[PDB]
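Enquirer: Provided herewith is a single structure, encoded as structure tokens, for subsequent inquiry.
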Amino acid sequence: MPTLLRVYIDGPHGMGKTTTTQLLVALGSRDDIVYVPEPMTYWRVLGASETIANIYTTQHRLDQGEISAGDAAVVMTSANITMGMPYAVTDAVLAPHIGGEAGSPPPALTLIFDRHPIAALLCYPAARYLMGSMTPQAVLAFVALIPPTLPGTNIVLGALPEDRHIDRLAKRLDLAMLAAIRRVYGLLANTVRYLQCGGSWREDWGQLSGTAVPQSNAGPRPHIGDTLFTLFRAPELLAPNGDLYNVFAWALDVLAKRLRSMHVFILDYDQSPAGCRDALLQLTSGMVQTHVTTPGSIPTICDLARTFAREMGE
Amino acid sequence: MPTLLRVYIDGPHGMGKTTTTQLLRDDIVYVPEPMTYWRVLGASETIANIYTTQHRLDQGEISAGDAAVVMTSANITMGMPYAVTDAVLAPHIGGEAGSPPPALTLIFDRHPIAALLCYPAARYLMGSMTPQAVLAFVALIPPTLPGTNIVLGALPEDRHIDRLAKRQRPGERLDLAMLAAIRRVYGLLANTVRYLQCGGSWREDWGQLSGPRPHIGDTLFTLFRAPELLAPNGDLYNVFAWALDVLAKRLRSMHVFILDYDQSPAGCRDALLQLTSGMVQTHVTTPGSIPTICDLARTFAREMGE
Ligand SMILES: Cc1cn([C@H]2C[C@H](O)[C@@H](CO)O2)c(=O)[nH]c1=O
Ligand SMILES: Cc1cn([C@H]2C[C@H](O)[C@@H](CO)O2)c(=O)[nH]c1=O
């Protein structure tokens with residue numbers, strides 16, 4: 001059976017993920033590498049009217065004190081359903097074709113995705129919770145809906161000094177949001193690593209008590225205060241005993257299950273587009289490939305990707 | 001390895017699902033309605049907010065767009081406990097056992113599809129939710145594990161209205177339009193499983209909606225013929241078509257059983273218990289899966305069901 005290499009490029013917006021990814025696709029043979037792009041058209045038209053604008057306008061309104069935190073959360077929660085739709089539908093139709101993990105000879109097909117389901121089911125929500133525009137309950141609700149992690153889930157997150165990032169981003173201008181999203185993804189990288197080194201949130205929960213003070217596949221085990229777990233020490237989720245309600249505890253259990261088997265890689269975006277491209281292309285060497293389930297899975301996957309790209313990525 | 005029997009009691013609210021499961025020490029556990037999560041843990045009085053917003057919309061006090069945001073947002077809270085529970089329980093489910101008594105029997109008050117498909121679909125028919133939001137929920141429906149036995153209810157509308165009147169939840173408003181919508185959605189749901197099990201292919205029969213199983217117009221597929229989901233030439237956009245493909249996959253392997261609720265509580269209880277004979281049991285994955293499942297159930301019940 002042919003082998004497949006799925007690679008999800010994710011991380012804070014504005015680092016050059018899109019530019020880079022296409023440079024990567026450009027180099028490959030026409031048909032042995034397909035790109036599932038950002039579904040902009042679904043966010044601006046198909047699923048709803050100008051979703052990105054509504055998000056930014058609401059955060060701005062909230063900041064100005066024109067609407068309440070509750071009003072903002074409803075809007076943000078609702079908008080996040082639209083933002084994550086295409087990732088979730090694509091994951092559900094693609095899953096059946098993924099077989100077991102083959103190994104780190106060239107893959108018959110290579111699927112480059114612009115973001116992974118967790119961007120919308122974990123990362124953006126958590127960032128919005130840090131911005132005060134989303135409840136911690138809604139965040140964990142999204143987390144509980146994260147699809148089972150299939151074998152060969154290779155994710156690439158990005159590295160970029162904040163000044164370089166601000167610069168690159170700056171052509172609404174929300175630097176607090178940029179910081180938030182930056183912290184969320186840092187935490188995420190630490191969380192996979194924490195999970196892969198044996199970290200048990202239930203065992204280290206007691207080590208959290210405090211406030212706010214990154215590698216994904218290298219280094220020692222991070223302190224739980226440096227992982228996504230710290231975010232959920234919110235008073236809304238805590239009971240009279242001081243411990244988390246089980247509903248939320250189970251959601252953190254889901255979070256750990258989902259992130260422990262993922263393969264995370266860091267791409268240094270502080271270089272030219274071609275550098276990033278050559279950079280990303282060299283990381284593919286250590287990513288895990290998987291077998292497809294049917295002999296005709298390759299073409300089906302190709303159709304899906306092209307159709308997705310044509311209908312939703314511009 | 002011990003065998004487990006999972007039974008999800010679902011259907012429109014107000015038929016007596018709860019009474020019947022209550023009436024029906026350690027070889028059968030009940031995962032109840034997570035009322036406390038809906039009223040306190042996840043958010044403040046979620047059922048009230050739902051009914052108030054439908055009522056406000058009806059009065060013309062807010063727009064259809066405003067209603068959908070609130071409705072979409074609230075549906076996240078309503079389905080949270082079912083989704084979290086499904087996610088932690090899945091790992092313990094093994095393959096099917098067969099067509100002797102099961103070591104453990106899990107009775108649930110509703111299945112993830114009530115909040116991930118049925119309520120949203122009904123609110124769409126009520127004008128308080130977009131068809132895009134509905135399919136977004138459908139796309140998140142957890143993979144259907146083996147032994148997914150779901151019991152839906154049968155009850156004449158007059159008997160239902162009559163009964164609904166008295167079991168009004170905290171914040172609920174007696175809405176007959178909403179009752180009809182939810183009744184239709186579940187009727188369609190039942191037909192859809194059957195359609196799917198008999199070979200029905202929505203892509204092949206889609207044309208009959210604009211031109212020995214049910215007709216596609218009697219399944220959930222009819223609801224997604226909404227103009228919002230179609231391109232200028234009438235075609236369903238692929239994003240939505242894929243969502244329908246997820247819907248068929250999820251519902252085809254489900255085991256649906258109809259319980260007649262037009263009878264006394266003990267009648268229903270026995271009725272339900274006689275239906276368990278044809279439900280599919282599965283093996284658990286670890287030897288210590290039973291107790292873990294028991295803990296889960298009890299803890300869920302204690303923390304969220306009152
Ligand atoms: C993926 C995703 C992106 N975004 C934002 C980041 C950028 O502003 C823009 C491009 O992805 O959208 C969200 O707000 N939510 C999401 O789930
Ligand atoms: C499960 C669920 C229930 N409900 C409502 C219907 C009834 O008011 C009550 C069910 O006991 O809650 C929703 O509005 N949405 C859902 O997803």
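Residue numbering restarts at 1 for every chain of the structure tokens, chains are lettered A, B, ... in their displayed order, and ligands are numbered from 1 as they appear.
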Using the chain letters and numbers from this document, which residues of segment 211-279 of chain B does DSSP assign to alpha helix (DSSP H), as a VMD selection string?
Expert: chain B and resid 238 to 252 265 to 275
Enquirer: Go ahead and dump the residues you just picked, N, CA, C and O atoms, as an mmCIF file, in the first residue's frame.
Expert:
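Output saved as selection-v2.cif:
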data_model
loop_
_atom_site.group_PDB
_atom_site.id
_atom_site.type_symbol
_atom_site.label_atom_id
_atom_site.label_comp_id
_atom_site.auth_asym_id
_atom_site.auth_seq_id
_atom_site.Cartn_x
_atom_site.Cartn_y
_atom_site.Cartn_z
ATOM 1 N N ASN B 238 -19.167 21.532 -1.543
ATOM 2 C CA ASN B 238 -18.521 20.327 -1.035
ATOM 3 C C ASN B 238 -18.318 20.314 0.462
ATOM 4 O O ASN B 238 -18.451 19.232 1.069
ATOM 5 N N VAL B 239 -18.008 21.453 1.080
ATOM 6 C CA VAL B 239 -17.850 21.478 2.528
ATOM 7 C C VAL B 239 -19.092 20.804 3.170
ATOM 8 O O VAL B 239 -18.934 19.916 4.000
ATOM 9 N N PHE B 240 -20.284 21.273 2.778
ATOM 10 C CA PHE B 240 -21.531 20.737 3.297
ATOM 11 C C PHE B 240 -21.794 19.317 2.851
ATOM 12 O O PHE B 240 -22.257 18.488 3.648
ATOM 13 N N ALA B 241 -21.466 18.950 1.611
ATOM 14 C CA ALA B 241 -21.654 17.581 1.127
ATOM 15 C C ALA B 241 -20.827 16.621 1.973
ATOM 16 O O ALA B 241 -21.266 15.526 2.307
ATOM 17 N N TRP B 242 -19.606 17.049 2.319
ATOM 18 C CA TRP B 242 -18.755 16.212 3.161
ATOM 19 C C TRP B 242 -19.368 16.059 4.543
ATOM 20 O O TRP B 242 -19.307 14.997 5.167
ATOM 21 N N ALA B 243 -19.996 17.137 5.027
ATOM 22 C CA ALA B 243 -20.651 17.056 6.338
ATOM 23 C C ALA B 243 -21.785 16.027 6.277
ATOM 24 O O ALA B 243 -21.984 15.280 7.233
ATOM 25 N N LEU B 244 -22.501 15.955 5.152
ATOM 26 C CA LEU B 244 -23.565 14.979 5.002
ATOM 27 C C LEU B 244 -22.990 13.561 4.948
ATOM 28 O O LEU B 244 -23.600 12.583 5.401
ATOM 29 N N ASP B 245 -21.778 13.434 4.402
ATOM 30 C CA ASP B 245 -21.123 12.143 4.328
ATOM 31 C C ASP B 245 -20.710 11.680 5.724
ATOM 32 O O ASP B 245 -20.671 10.482 5.980
ATOM 33 N N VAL B 246 -20.406 12.641 6.594
ATOM 34 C CA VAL B 246 -20.026 12.315 7.966
ATOM 35 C C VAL B 246 -21.285 11.866 8.693
ATOM 36 O O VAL B 246 -21.286 10.903 9.465
ATOM 37 N N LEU B 247 -22.399 12.551 8.428
ATOM 38 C CA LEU B 247 -23.683 12.229 8.992
ATOM 39 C C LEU B 247 -24.082 10.794 8.645
ATOM 40 O O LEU B 247 -24.538 10.077 9.546
ATOM 41 N N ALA B 248 -23.955 10.405 7.384
ATOM 42 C CA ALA B 248 -24.343 9.041 7.004
ATOM 43 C C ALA B 248 -23.438 8.026 7.683
ATOM 44 O O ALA B 248 -23.916 7.034 8.238
ATOM 45 N N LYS B 249 -22.121 8.275 7.650
ATOM 46 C CA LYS B 249 -21.208 7.341 8.311
ATOM 47 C C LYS B 249 -21.579 7.143 9.771
ATOM 48 O O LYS B 249 -21.748 6.012 10.249
ATOM 49 N N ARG B 250 -21.746 8.232 10.513
ATOM 50 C CA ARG B 250 -22.081 8.144 11.929
ATOM 51 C C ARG B 250 -23.380 7.435 12.254
ATOM 52 O O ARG B 250 -23.457 6.660 13.226
ATOM 53 N N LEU B 251 -24.439 7.666 11.482
ATOM 54 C CA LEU B 251 -25.728 7.072 11.730
ATOM 55 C C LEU B 251 -25.941 5.672 11.189
ATOM 56 O O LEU B 251 -26.837 4.970 11.687
ATOM 57 N N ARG B 252 -25.199 5.214 10.213
ATOM 58 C CA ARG B 252 -25.431 3.892 9.632
ATOM 59 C C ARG B 252 -25.164 2.717 10.535
ATOM 60 O O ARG B 252 -25.847 1.679 10.457
ATOM 61 N N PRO B 265 -45.647 4.645 33.693
ATOM 62 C CA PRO B 265 -44.227 4.602 33.959
ATOM 63 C C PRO B 265 -43.683 3.196 34.083
ATOM 64 O O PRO B 265 -42.602 2.905 33.550
ATOM 65 N N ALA B 266 -44.383 2.284 34.735
ATOM 66 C CA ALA B 266 -43.928 0.903 34.864
ATOM 67 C C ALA B 266 -44.043 0.179 33.529
ATOM 68 O O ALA B 266 -43.258 -0.714 33.228
ATOM 69 N N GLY B 267 -45.044 0.576 32.746
ATOM 70 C CA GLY B 267 -45.224 -0.040 31.418
ATOM 71 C C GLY B 267 -43.964 0.311 30.612
ATOM 72 O O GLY B 267 -43.309 -0.574 30.070
ATOM 73 N N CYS B 268 -43.643 1.613 30.581
ATOM 74 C CA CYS B 268 -42.460 2.072 29.857
ATOM 75 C C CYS B 268 -41.200 1.362 30.344
ATOM 76 O O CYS B 268 -40.394 0.910 29.523
ATOM 77 N N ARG B 269 -41.017 1.291 31.648
ATOM 78 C CA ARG B 269 -39.873 0.651 32.288
ATOM 79 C C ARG B 269 -39.714 -0.789 31.830
ATOM 80 O O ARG B 269 -38.616 -1.202 31.470
ATOM 81 N N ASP B 270 -40.805 -1.555 31.881
ATOM 82 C CA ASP B 270 -40.759 -2.953 31.436
ATOM 83 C C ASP B 270 -40.529 -2.913 29.933
ATOM 84 O O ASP B 270 -39.592 -3.531 29.448
ATOM 85 N N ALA B 271 -41.345 -2.108 29.251
ATOM 86 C CA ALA B 271 -41.172 -1.943 27.805
ATOM 87 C C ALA B 271 -39.701 -1.769 27.432
ATOM 88 O O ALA B 271 -39.182 -2.531 26.621
ATOM 89 N N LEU B 272 -39.026 -0.793 28.040
ATOM 90 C CA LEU B 272 -37.626 -0.537 27.759
ATOM 91 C C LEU B 272 -36.710 -1.725 28.030
ATOM 92 O O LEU B 272 -35.778 -2.034 27.283
ATOM 93 N N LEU B 273 -36.946 -2.379 29.149
ATOM 94 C CA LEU B 273 -36.188 -3.527 29.604
ATOM 95 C C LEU B 273 -36.350 -4.736 28.694
ATOM 96 O O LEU B 273 -35.437 -5.571 28.617
ATOM 97 N N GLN B 274 -37.483 -4.826 28.004
ATOM 98 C CA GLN B 274 -37.727 -5.951 27.088
ATOM 99 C C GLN B 274 -36.970 -5.654 25.802
ATOM 100 O O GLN B 274 -36.492 -6.581 25.137
ATOM 101 N N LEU B 275 -36.756 -4.367 25.487
ATOM 102 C CA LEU B 275 -35.996 -3.984 24.308
ATOM 103 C C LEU B 275 -34.505 -4.287 24.427
ATOM 104 O O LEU B 275 -33.852 -4.497 23.390
#
Enquirer: Pick out the residues no farther than 6 Å from ligand 2, counting only C-alpha atoms and all ligand atoms, and list them as an NGL selection string.
Expert: :B and (13 or 47 or 75 or 78-79 or 114-115 or 119 or 169 or 172)
Enquirer: Restrict the distance test to only C-alpha atoms, flag each residue of chain B within 9 Å of chain A, and return the flagged residues as a PyMOL selection string.
Expert: chain B and resi 37+41-43+68-74+76-77+79-81+83-88+130-133+135-143+228-231+237-240+242-243+245-246+299-300+303-304
Enquirer: Each residue of chain A lying at most 8 Å from ligand 1 should get a row with its shortest atom-to-atom pair and the distance in Å to one decimal, counting only C-alpha atoms and all ligand atoms; could you produce that, ordered by chain and increasing number, as a tab-separated table?
Expert:
residue	atom	partner	partner_atom_place_in_ligand_line	distance
A:12	CA	ligand 1	6 (C)	7.1
A:13	CA	ligand 1	7 (C)	5.1
A:14	CA	ligand 1	7 (C)	7.4
A:38	CA	ligand 1	11 (O)	7.3
A:52	CA	ligand 1	12 (O)	5.8
A:55	CA	ligand 1	14 (O)	6.5
A:56	CA	ligand 1	8 (O)	7.9
A:80	CA	ligand 1	17 (O)	5.8
A:83	CA	ligand 1	17 (O)	4.9
A:84	CA	ligand 1	17 (O)	5.6
A:115	CA	ligand 1	1 (C)	6.9
A:119	CA	ligand 1	1 (C)	5.3
A:120	CA	ligand 1	17 (O)	3.5
A:121	CA	ligand 1	17 (O)	7.1
A:123	CA	ligand 1	17 (O)	7.4
A:124	CA	ligand 1	15 (N)	5.0
A:125	CA	ligand 1	17 (O)	7.3
Enquirer: Residues as selected, N, CA and C atoms, written as a compact mmCIF listing (two decimals), in the first residue's frame, can you do that?
Expert:
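Done, and the output landed in part.txt:
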# COMPACT_ATOMS: atom_id res chain seq x y z
N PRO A 12 0.92 30.89 15.45
CA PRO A 12 0.32 32.21 15.40
C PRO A 12 0.24 32.74 13.97
N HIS A 13 -0.84 33.48 13.69
CA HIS A 13 -0.97 34.08 12.36
C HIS A 13 0.10 35.15 12.19
N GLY A 14 0.45 35.48 10.96
CA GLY A 14 1.43 36.49 10.66
C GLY A 14 2.88 36.10 10.70
N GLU A 38 -5.73 27.55 3.59
CA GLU A 38 -6.59 28.24 4.56
C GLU A 38 -7.93 28.35 3.86
N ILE A 52 -13.79 36.76 10.02
CA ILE A 52 -12.59 37.35 10.63
C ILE A 52 -12.85 38.76 11.12
N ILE A 55 -14.87 38.81 14.36
CA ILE A 55 -14.02 38.44 15.51
C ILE A 55 -13.30 39.70 16.01
N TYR A 56 -12.49 40.29 15.14
CA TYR A 56 -11.71 41.48 15.47
C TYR A 56 -12.54 42.66 15.91
N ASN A 80 -16.14 30.86 16.38
CA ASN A 80 -15.14 29.80 16.41
C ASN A 80 -15.68 28.50 15.81
N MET A 83 -15.05 29.15 12.14
CA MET A 83 -13.63 29.07 11.85
C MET A 83 -13.10 27.64 11.80
N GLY A 84 -13.55 26.74 12.68
CA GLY A 84 -13.04 25.40 12.72
C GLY A 84 -13.72 24.37 11.86
N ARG A 115 -2.80 24.70 8.85
CA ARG A 115 -3.41 24.55 10.16
C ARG A 115 -4.05 23.19 10.39
N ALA A 119 -6.05 24.20 16.05
CA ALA A 119 -5.89 25.64 15.98
C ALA A 119 -7.21 26.30 16.41
N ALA A 120 -8.30 25.73 15.89
CA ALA A 120 -9.62 26.26 16.17
C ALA A 120 -10.32 25.60 17.35
N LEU A 121 -9.92 24.39 17.69
CA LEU A 121 -10.55 23.67 18.78
C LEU A 121 -9.81 23.79 20.11
N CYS A 123 -6.24 26.26 20.43
CA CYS A 123 -5.44 27.45 20.40
C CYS A 123 -6.16 28.76 20.29
N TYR A 124 -6.97 29.02 19.27
CA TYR A 124 -7.65 30.32 19.20
C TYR A 124 -8.55 30.56 20.37
N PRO A 125 -9.38 29.61 20.77
CA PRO A 125 -10.22 29.75 21.95
C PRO A 125 -9.42 30.10 23.19
Enquirer: Please determine, counting only C-alpha atoms, which residue among B:302, B:56, B:123, B:159 has the shortest atom-to-atom distance to residue 261 of chain B.
Expert: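 Counting only C-alpha atoms, the residue closest to residue 261 of chain B is B:159.
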Enquirer: Considering only C-alpha atoms, return as a PyMOL selection string whatever protein or nucleic-acid residues lie within 10 Å of residue 27 of chain A, sequence-local ones (same chain, fewer than 3 positions apart) excluded.
Expert: chain A and resi 22-24+30+33+277-278+281
Enquirer: Residues within 10 Å of residue 231 of chain A, please, as a CSV table (one decimal) with C-alpha atoms, in the first residue's frame. Count only C-alpha atoms; anything in the same chain fewer than 4 positions from it doesn't count.
Expert:
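Contents of the output file result_28.csv:
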chain,number,residue,atom,x,y,z
A,126,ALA,CA,-7.5,29.6,24.7
A,127,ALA,CA,-6.0,32.8,23.3
A,129,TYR,CA,-10.0,33.3,26.9
A,130,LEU,CA,-6.7,35.1,27.8
A,136,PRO,CA,-12.8,28.7,30.1
A,184,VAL,CA,-0.7,29.7,23.7
A,187,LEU,CA,2.6,26.4,26.0
A,208,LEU,CA,0.5,25.0,39.7
A,211,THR,CA,0.6,32.8,38.1
A,212,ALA,CA,2.3,33.4,34.8
A,225,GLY,CA,3.3,25.9,34.9
A,226,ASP,CA,4.8,26.1,31.4
A,227,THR,CA,2.2,23.9,29.8
Enquirer: When you look at residue 179 of chain B with a cut-off of 10 Å (counting only C-alpha atoms), what residues show up, excluding the ones that are within fewer than 5 positions of it in the same chain? I need them as a PDB file with N, CA and C atoms, in the first residue's frame.
Expert:
ATOM      1  N   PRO B  12     -37.306  13.519  21.796  1.00  0.00           N
ATOM      2  CA  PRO B  12     -37.773  14.837  22.205  1.00  0.00           C
ATOM      3  C   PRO B  12     -37.927  14.908  23.718  1.00  0.00           C
ATOM      4  N   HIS B  13     -37.774  16.113  24.256  1.00  0.00           N
ATOM      5  CA  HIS B  13     -37.943  16.301  25.702  1.00  0.00           C
ATOM      6  C   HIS B  13     -39.435  16.225  26.030  1.00  0.00           C
ATOM      7  N   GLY B  14     -39.771  15.863  27.256  1.00  0.00           N
ATOM      8  CA  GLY B  14     -41.150  15.779  27.672  1.00  0.00           C
ATOM      9  C   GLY B  14     -41.878  14.497  27.363  1.00  0.00           C
ATOM     10  N   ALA B 122     -33.408  21.173  14.976  1.00  0.00           N
ATOM     11  CA  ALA B 122     -34.693  21.709  15.391  1.00  0.00           C
ATOM     12  C   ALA B 122     -34.633  23.226  15.476  1.00  0.00           C
ATOM     13  N   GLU B 157     -48.967  13.272  19.421  1.00  0.00           N
ATOM     14  CA  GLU B 157     -48.726  14.663  19.758  1.00  0.00           C
ATOM     15  C   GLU B 157     -49.569  15.209  20.889  1.00  0.00           C
ATOM     16  N   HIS B 160     -48.221  13.922  24.034  1.00  0.00           N
ATOM     17  CA  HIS B 160     -46.938  14.558  24.249  1.00  0.00           C
ATOM     18  C   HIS B 160     -47.122  15.980  24.800  1.00  0.00           C
ATOM     19  N   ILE B 161     -47.931  16.808  24.143  1.00  0.00           N
ATOM     20  CA  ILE B 161     -48.177  18.173  24.605  1.00  0.00           C
ATOM     21  C   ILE B 161     -48.652  18.152  26.061  1.00  0.00           C
ATOM     22  N   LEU B 164     -45.764  17.170  28.278  1.00  0.00           N
ATOM     23  CA  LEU B 164     -44.758  18.221  28.261  1.00  0.00           C
ATOM     24  C   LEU B 164     -45.145  19.337  29.223  1.00  0.00           C
ATOM     25  N   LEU B 174     -43.147  26.658  27.449  1.00  0.00           N
ATOM     26  CA  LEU B 174     -43.939  25.678  26.692  1.00  0.00           C
ATOM     27  C   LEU B 174     -44.105  26.157  25.264  1.00  0.00           C
ATOM     28  N   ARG B 184     -40.286  16.332  14.673  1.00  0.00           N
ATOM     29  CA  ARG B 184     -39.987  16.045  13.263  1.00  0.00           C
ATOM     30  C   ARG B 184     -38.546  15.592  13.082  1.00  0.00           C
ATOM     31  N   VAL B 185     -37.628  16.301  13.731  1.00  0.00           N
ATOM     32  CA  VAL B 185     -36.218  15.960  13.647  1.00  0.00           C
ATOM     33  C   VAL B 185     -35.968  14.524  14.068  1.00  0.00           C
TER      34      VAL B 185
END
Enquirer: Tell me which protein, DNA and RNA residues are within 7 Å of residue 96 of chain B, counting only C-alpha atoms, leaving out same-chain ones fewer than 4 positions away, and put them as a list in words.
Expert: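 That gives residues 146, 147, 280, 281, 282 and 283 of chain B.
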Enquirer: Any chance you could export the current selection's N, CA, C and O atoms as an mmCIF file, in the first residue's frame?
Expert:
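Writing done, so here's selection_28.cif:
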data_model
loop_
_atom_site.group_PDB
_atom_site.id
_atom_site.type_symbol
_atom_site.label_atom_id
_atom_site.label_comp_id
_atom_site.auth_asym_id
_atom_site.auth_seq_id
_atom_site.Cartn_x
_atom_site.Cartn_y
_atom_site.Cartn_z
ATOM 1 N N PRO B 146 -18.753 0.657 18.289
ATOM 2 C CA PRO B 146 -19.584 -0.530 18.217
ATOM 3 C C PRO B 146 -20.507 -0.566 19.429
ATOM 4 O O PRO B 146 -20.185 -0.056 20.508
ATOM 5 N N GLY B 147 -21.688 -1.173 19.259
ATOM 6 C CA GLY B 147 -22.625 -1.279 20.356
ATOM 7 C C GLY B 147 -23.260 0.028 20.763
ATOM 8 O O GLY B 147 -23.563 0.265 21.938
ATOM 9 N N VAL B 280 -26.919 -4.520 21.027
ATOM 10 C CA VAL B 280 -25.589 -5.081 20.859
ATOM 11 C C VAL B 280 -24.639 -4.743 21.987
ATOM 12 O O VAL B 280 -24.423 -3.576 22.314
ATOM 13 N N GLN B 281 -24.051 -5.792 22.553
ATOM 14 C CA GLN B 281 -23.084 -5.662 23.643
ATOM 15 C C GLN B 281 -21.666 -5.606 23.073
ATOM 16 O O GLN B 281 -21.492 -6.055 21.947
ATOM 17 N N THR B 282 -20.695 -5.078 23.768
ATOM 18 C CA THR B 282 -19.321 -5.045 23.276
ATOM 19 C C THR B 282 -18.385 -5.527 24.398
ATOM 20 O O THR B 282 -18.793 -5.571 25.565
ATOM 21 N N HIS B 283 -17.146 -5.875 24.081
ATOM 22 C CA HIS B 283 -16.223 -6.263 25.141
ATOM 23 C C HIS B 283 -15.519 -4.981 25.597
ATOM 24 O O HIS B 283 -15.458 -4.050 24.802
#
Enquirer: What's the separation between atom CA of residue 16 of chain A and atom CA of residue 4 of chain A, in Å to one decimal place?
Expert: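 Between these atoms lies a distance of 24.9 Å.
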Enquirer: Would you please give, as a ChimeraX atom specification, all residues of segment 52-215 of chain B that DSSP assigns to strand (DSSP E) based on the backbone?
Expert: /B:93-96,104-109,149-154
Enquirer: Just want the 12 Å neighbourhood of segment 206-208 of chain B, counted on only C-alpha atoms, with same-chain residues fewer than 5 positions away dropped. Output as a PyMOL selection string.
Expert: chain B and resi 200-201+215-225+234-236+241+244
Enquirer: What does the distance from atom CA of residue 128 of chain B to atom CA of residue 50 of chain B come to in Å, to one decimal?
Expert: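 Answer for the atom CA of residue 128 of chain B to atom CA of residue 50 of chain B separation: 9.8 Å.
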Enquirer: May I ask which of the residues B:195, B:111, B:98, B:59 is the closest one to residue 149 of chain B, counting only C-alpha atoms?
Expert: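 Of B:195, B:111, B:98, B:59, the one nearest residue 149 of chain B, counting only C-alpha atoms, is B:111.
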Enquirer: In Å, with one decimal, what is the gap from atom CA of residue 36 of chain B to atom CA of residue 295 of chain B?
Expert: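 Separating atom CA of residue 36 of chain B from atom CA of residue 295 of chain B is a distance of 18.4 Å.
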Enquirer: Between A:288, A:228, A:189, A:25, which residue has the minimum interatomic distance to residue 107 of chain A, considering only C-alpha atoms?
Expert: A:288
Enquirer: Identify which of the residues A:5, A:298, A:197, A:159 lies closest to residue 219 of chain A, counting only C-alpha atoms when measuring atom-to-atom distances.
Expert: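 The closest residue to residue 219 of chain A is A:197.
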Enquirer: Between B:189, B:106, B:150, B:64, which one has atoms that come closest to residue 127 of chain B, using only C-alpha atoms?
Expert: B:64
